[PDB]
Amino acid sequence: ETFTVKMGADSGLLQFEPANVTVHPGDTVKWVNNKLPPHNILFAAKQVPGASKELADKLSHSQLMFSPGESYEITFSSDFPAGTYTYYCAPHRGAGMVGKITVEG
């Protein structure tokens, strides 16, 4: 299954929509620019399983995404452990543009 997460609400609010997604192994999450880019996707290394910098860095798209509808996707293969993964947008972290992926299993 593929879960689409909009970056930016239709109104311009700096939010991921939906902010919380639950996935199963093999599922994909696809972030897509919606309103008021640029956005990016940074996983907090203290807020992924094992507090792994490697894992957080692997999942992140640190490069700013400027283009309308620009997309980034992660397929959660077996090298992604069960647990919750919290991420944020660096441009809008202060404003609370934060999200969470829960990997079940």
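Position 1 is the first residue in the sequence shown; the rest follow in order.
When the two stretches 72-80 and 33-41 are set side by side, the higher mean Cα temperature factor goes to 72-80.
The question of which stretch, 82-90 or 15-23, has the higher mean Cα B factor is settled in favour of 15-23. Among all modelled residues in its chain, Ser60 ranks in the lowest third by Cα B-factor. In the PDB entry, a CA B factor belonging to the middle third of its chain's modelled residues is recorded for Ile101.
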